[PDB]
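Chains as they are written, first to last, in the authors' numbering: chain A, 716 to 827, 849 to 1145; chain B, 964 to 1145; chain C, 613 to 620, 641 to 676, 689 to 715.
Ideal Cβ placement from N, Cα and C applies to all residues, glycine included.
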Amino acid sequence: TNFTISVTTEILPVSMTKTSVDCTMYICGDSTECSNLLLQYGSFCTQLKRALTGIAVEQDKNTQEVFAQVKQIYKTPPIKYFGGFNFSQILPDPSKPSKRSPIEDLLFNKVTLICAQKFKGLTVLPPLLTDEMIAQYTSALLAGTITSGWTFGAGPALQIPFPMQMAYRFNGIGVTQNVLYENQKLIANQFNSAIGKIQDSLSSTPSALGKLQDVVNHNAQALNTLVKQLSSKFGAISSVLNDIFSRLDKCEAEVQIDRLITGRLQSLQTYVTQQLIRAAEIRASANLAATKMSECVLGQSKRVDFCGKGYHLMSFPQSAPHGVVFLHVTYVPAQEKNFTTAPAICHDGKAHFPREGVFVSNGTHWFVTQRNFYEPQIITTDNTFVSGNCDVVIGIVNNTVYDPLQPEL
Amino acid sequence: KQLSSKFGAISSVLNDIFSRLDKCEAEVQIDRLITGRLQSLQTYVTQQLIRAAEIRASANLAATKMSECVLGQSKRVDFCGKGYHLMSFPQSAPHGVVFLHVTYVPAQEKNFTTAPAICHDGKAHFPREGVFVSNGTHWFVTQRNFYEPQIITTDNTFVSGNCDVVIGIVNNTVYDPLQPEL
Amino acid sequence: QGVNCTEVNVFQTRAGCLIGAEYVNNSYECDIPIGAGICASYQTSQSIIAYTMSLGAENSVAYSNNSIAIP
Ligand SMILES: *[C@@H]1O[C@H](CO)[C@@H](O[C@@H]2O[C@H](CO)[C@@H](O)[C@H](O)[C@H]2NC(C)=O)[C@H](O)[C@H]1NC(C)=O
Ligand SMILES: *[C@@H]1O[C@H](CO)[C@@H](O[C@@H]2O[C@H](CO)[C@@H](O)[C@H](O)[C@H]2NC(C)=O)[C@H](O)[C@H]1NC(C)=O
Ligand SMILES: *[C@@H]1O[C@H](CO)[C@@H](O[C@@H]2O[C@H](CO)[C@@H](O)[C@H](O)[C@H]2NC(C)=O)[C@H](O)[C@H]1NC(C)=O
Ligand SMILES: *[C@@H]1O[C@H](CO)[C@@H](O[C@@H]2O[C@H](CO)[C@@H](O)[C@H](O)[C@H]2NC(C)=O)[C@H](O)[C@H]1NC(C)=O
Ligand SMILES: *[C@@H]1O[C@H](CO)[C@@H](O[C@@H]2O[C@H](CO)[C@@H](O)[C@H](O)[C@H]2NC(C)=O)[C@H](O)[C@H]1NC(C)=O
Ligand SMILES: *[C@@H]1O[C@H](CO)[C@@H](O[C@@H]2O[C@H](CO)[C@@H](O)[C@H](O)[C@H]2NC(C)=O)[C@H](O)[C@H]1NC(C)=O
Ligand SMILES: *[C@@H]1O[C@H](CO)[C@@H](O)[C@H](O)[C@H]1NC(C)=O
Ligand SMILES: *[C@@H]1O[C@H](CO)[C@@H](O)[C@H](O)[C@H]1NC(C)=O
Ligand SMILES: *[C@@H]1O[C@H](CO)[C@@H](O)[C@H](O)[C@H]1NC(C)=O
Ligand SMILES: *[C@@H]1O[C@H](CO)[C@@H](O)[C@H](O)[C@H]1NC(C)=O
Ligand SMILES: *[C@@H]1O[C@H](CO)[C@@H](O)[C@H](O)[C@H]1NC(C)=O
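Structure below.
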């Protein structure tokens, strides 16, 4: 008989840090002889550089696929009256120095030496798309899904009022427009309460943004492990080539250099393999996030537990550091009530199966109600179709029907 | 080309090491070649496994796309192509598949004036399918995807409640098909 | 990459600094990526130019609470 509108937040990683690893500087810097031996050792450096270049290209393509999905950039109107809705939390604020929303301003503040790694041949390439471009894409997506609904996802954008779009979504999930057009203020208040509650939950609990923090911590731990593995001795007399060059002559240091490379290149290959596995996992997560964006942001999906738990209505995308944040607005009914039901009734020798819903009774009279909402309506011939007789239907009950042509006579 | 590398040995071919060096002292050279040739083989197998996993994921996605766009009609947005997809043509490709998605893209937009509901005499008439639009003089019932002007009747509108809580109501009349009979 | 031109048609970006390419204020659909919202392209005489990315075609939607558009 009632409902509770709640907002569910889903965090999905999109991309990671693009790292380019030097060969000569990481293995043995300022050493011409070590570079000579290294080249003889083979062409591992070209393969590793190609692998990291392909990883960076894959991450770049993933970012462009997940975020850059609309051909045109839309702009919100200056004055906002979306049927009395508090959309200022998700809309960009011109008062802030950045174009990110205050929800996004809380989002980037919950996600966290580089010179030592930069010196030893480990460089982090900056992402191709800046945060401003991602924020502009998010604002364009929000403007498209608010001021035009889901029509902009398929083709050109068609303007439509927000209550009219909400009624379209209710008709998509099977709820009539009577519930929206009779309880619009209650729905707006419930949405505002859910937005405030999820904002307070995001502010109070920092453990919600865990996957992006886990990815960042894993990358930092891998870099620190690589540095400490550079610090390893690898069974030689010393862990630095300068000491071996100063102590040993080159012919006697040939074996020590060979023992260093056999193991330093192995650590490089292990790091490349771990980065490839992490990139494959990030690619799967980014494909899932792009599918979720295209099937919840650009339209309404009837699939259960894909666009959030419950009857999904719409999702608001949010920009996140190295990821995306979805605000799934779902329809959760409440305030249940027991009733007495029958599968079919027959008035005079012929069954009258309902077109939509089932027949329910409060104890004395039978009425026609919908599947999700309790709207008592009189039984007529408009919502019931006749087929056969009530001789093979199990659980039949005798009742009368109302004919609109009867008062005419 | 990695087979052509010396890999820390004096030669890149085992025949030269066999001819020049006797077997006992060439044990070290053969072991140094193997430690590195087996590692290159393991790296090649690992790269092939990663590529095969990526190809397997792509093939699973392609099979799902075939089963949900060719064998049936999917209501999922931007899965069977951009726009309102109808039916797709599978095609043969070298080491791959080609999908010819046929989509429905509307065009030639036209502005109109719309209302959430219309009540005739104290009772609201919400439409079943389509919405009320007006060109300036009269209101008509057209569907969402196409502009099909139809007169408002009681067949496509259901009566529920009164027009006292509906925001943006407008006063208009309706056509009753039983009225010309009387 | 990561090296300023001070330590080394000169333009600097977040990734570093580049030479041989001029800067164009107008933003088009770029082809060759550079980094941090910058691109490079070969346009008109003919020379390599650098410019920021176009986010997309500008299209402002007029929102009203009593109007709709149907194709
Ligand atoms: C919808 O909610 C927003 C909250 O983000 C409202 O903005 C605040 O409104 C109150 C009262 O109107 C002011 O005291 C605050 O200063 C506003 N916030 C800021 C940051 O300026 C917005 O007014 C609401 N919309 C309505 C009530 O129509
Ligand atoms: C359906 O639920 C809503 C919210 O859960 C109820 O609205 C509340 O009504 C009480 C009673 O006056 C108020 O004190 C609250 O402030 C309301 N909350 C909101 C968010 O509007 C509503 O009354 C319920 N309807 C029925 C028939 O039980
Ligand atoms: C079930 O609901 C119906 C509809 O509200 C009830 O019928 C009404 O009952 C009241 C109280 O006796 C009468 O004043 C109305 O005239 C009745 N309306 C109709 C259309 O018959 C019915 O009483 C309810 N039954 C139970 C057991 O609660
Ligand atoms: C609904 O009404 C019909 C007809 O009045 C009932 O059918 C009768 O059931 C009795 C009980 O066995 C038989 O003796 C009659 O011969 C039946 N008549 C006909 C015409 O079939 C039926 O039982 C009623 N159902 C309920 C649930 O009350
Ligand atoms: C709005 O549309 C209606 C129906 O298409 C137009 O009404 C028609 O007007 C022509 C012009 O005189 C008449 O010949 C038709 O008989 C009318 N049809 C009906 C059903 O009334 C109306 O003129 C249009 N208004 C505007 C401003 O374009
Ligand atoms: C549709 O017509 C009804 C009936 O004339 C209008 O209701 C009147 O509204 C005025 C202004 O509030 C009141 O002073 C009258 O007492 C109302 N009469 C009745 C019978 O309710 C209604 O306002 C009209 N709606 C529109 C949108 O024009
Ligand atoms: C309906 O009655 C059953 C008892 O048979 C009870 O267990 C159930 O909780 C009732 N439903 C509601 C919504 O209270
Ligand atoms: C429900 O099941 C019980 C137990 O078998 C049975 O006695 C009763 O007649 C059934 N009711 C209907 C309407 O079929
Ligand atoms: C409808 O009018 C608005 C101005 O209110 C305009 O921005 C829009 O382009 C118009 N659409 C059509 C299809 O004429
Ligand atoms: C649309 O919004 C404007 C601005 O608040 C308001 O004046 C107008 O009455 C609204 N129209 C309807 C039909 O609600
Ligand atoms: C290079 O140095 C100048 C002078 O301080 C500075 O303005 C500029 O940002 C630097 N560029 C880079 C890429 O560090």
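* Got a sec: is the Cβ-Cβ distance from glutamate 988 of chain B to anything in chain A below 8 Å? -> So, not an interface residue.
* Note down, in chain order, all residues in the stretch 794 to 809 of chain A with a beta-carbon under 8 Å from any beta-carbon belonging to chain C. => Of all residues in the stretch 794 to 809 of chain A, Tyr796 and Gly798 have a Cβ within less than 8 Å of some Cβ in chain C.
* Going by alpha carbons, who is nearest to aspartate 1118 of chain B out of A:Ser735, A:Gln1142, A:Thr734 and A:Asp1118? -> By alpha-carbon distance to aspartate 1118 of chain B, the top candidate from A:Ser735, A:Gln1142, A:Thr734 and A:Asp1118 is A:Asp1118.
* Would you say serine 698 of chain C reaches chain B, if we count a Cβ-Cβ gap shorter than 8 Å as a contact? -> no
* Could you tell me whether any non-hydrogen atom of ligand 2 is closer than 7 Å to the CB of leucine 922 of chain A? => yes
* Exposed or buried, what is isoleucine 870 of chain A when buried is set at 16 or more other beta-carbons lying within 10 Å of its beta-carbon? -> buried
* Could you have a look at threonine 645 of chain C and say whether DSSP puts it in helix, strand or coil? => coil
* Asked: Using the C-alpha atoms, what's the distance from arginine 1091 of chain A back to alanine 1078 of chain A?
  -> 14 Å
* Asked: When the Cα atoms are used, what is the spatial distance from residue 839 of chain A to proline 817 of chain A?
  -> Chain A lacks the residues between 827 and 849, and residue 839 of chain A is one of those with no coordinates.
* To do: Throw me the rounded Cβ distance for the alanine 1015 of chain A and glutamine 762 of chain A pair, which I believe falls under 8 Å.
  => The pair is not a contact, with the Cβ atoms about 16 Å apart (cut-off 8 Å).
* Ignoring anything shorter than 3 residues or poking outside the stretch 1024 to 1094 of chain B, list the beta strand (DSSP E) runs there in chain order. => 1047 to 1056, 1059 to 1067, 1073 to 1078 and 1087 to 1090
* Just mark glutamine 901 of chain A as buried or exposed, buried being the case when its beta carbon has 16 or more other beta carbons within 10 Å. => With 16 or more Cβ atoms within 10 Å of its Cβ, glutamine 901 of chain A is classed as buried.
* Express the C-alpha separation of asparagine 710 of chain C and residue 1172 of chain B in angstroms, rounding to a whole number. => The shown model of chain B, from 964 to 1145, leaves out residue 1172 of chain B, and the question about it has no answer.
* **CA-to-CA distance, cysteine 1082 of chain B to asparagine 1134 of chain B, given in whole angstroms** => 6 Å
* Would you mind working out which of A:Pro862, A:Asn955 and A:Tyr1047 sits nearest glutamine 613 of chain C, comparing C-alpha positions? => Relative to the Cα of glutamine 613 of chain C, the nearest Cα in the group A:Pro862, A:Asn955 and A:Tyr1047 belongs to A:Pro862.
* In or out: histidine 1048 of chain A buried (at least 16 other Cβ within 10 Å) or exposed? -> buried
* Rounded to a whole number of angstroms, what is the C-alpha to C-alpha distance between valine 1065 of chain B and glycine 1044 of chain B? -> Approximately 8 Å between the Cα atoms of the pair.
* Asked: For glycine 1059 of chain A and chain B, any beta-carbon pair shorter than 8 Å?
  -> no
* **CA nearest to the CA of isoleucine 651 of chain C, picked from C:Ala701, C:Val620, C:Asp663 and C:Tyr707** => C:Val620
* To do: Assuming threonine 827 of chain A contacts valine 963 of chain A (C-beta within less than 8 Å), just tell me the rounded distance between them.
  => Actually they do not touch by this definition, with Cβ atoms about 19 Å apart.
* Got a sec: is the Cβ-Cβ distance from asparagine 710 of chain C to anything in chain B below 8 Å? -> yes
* How about the stretch 932 to 943 of chain A and the stretch 908 to 920 of chain A: do they share at least three Cβ pairs that are nearer than 8 Å? -> no
* Heavy atom of ligand 4 less than 7 Å from the Cβ of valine 1060 of chain B, yes or no? -> no
* Asked: Where the beta carbon is closer than 5 Å to any heavy atom of ligand 5, which residues qualify, in chain order?
  -> B:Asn1098, B:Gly1099 and B:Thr1100
* Quick one, what's near ligand 4 if you take every residue whose CB is closer than 7 Å to any heavy atom, in chain order? -> A:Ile1132, A:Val1133 and A:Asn1134
* To do: Give the DSSP-derived three-state secondary structure of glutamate 702 of chain C in the structure shown.
  => strand
* Tell me whether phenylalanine 1109 of chain A sits in a helix, a strand or coil according to DSSP, three-state version. => coil
* Kindly examine ligand 1 and report whether one of its heavy atoms sits closer than 7 Å to the Cβ of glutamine 1054 of chain A. => no
* Assign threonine 883 of chain A to one of three DSSP states: helix, strand, or coil. => helix
* To do: Would you mind reading off the limits of the alpha helix (DSSP H) that contains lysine 933 of chain A?
  => 920 to 940
* Asked: From the beta carbon of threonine 883 of chain A, is the nearest beta carbon of chain C less than 8 Å away?
  -> Closer than 8 Å: yes.
* Asked: Where does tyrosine 756 of chain A fall in DSSP's three states?
  -> In this structure, DSSP gives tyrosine 756 of chain A a helical state, which the three-state scheme calls helix.
* **Whole-angstrom distance between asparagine 1108 of chain B and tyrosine 1067 of chain B, CA atom to CA atom** => 10 Å
* Do you know offhand how far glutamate 1072 of chain A's Cα is from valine 1096 of chain A's? -> If you take the alpha carbons of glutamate 1072 of chain A and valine 1096 of chain A, they lie about 14 Å apart.
* Is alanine 956 of chain A helix, strand or coil by DSSP? -> helix
* Taking only heavy atoms of ligand 10 into account, decide whether any of them is closer than 7 Å to the Cβ of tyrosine 1138 of chain A. => no
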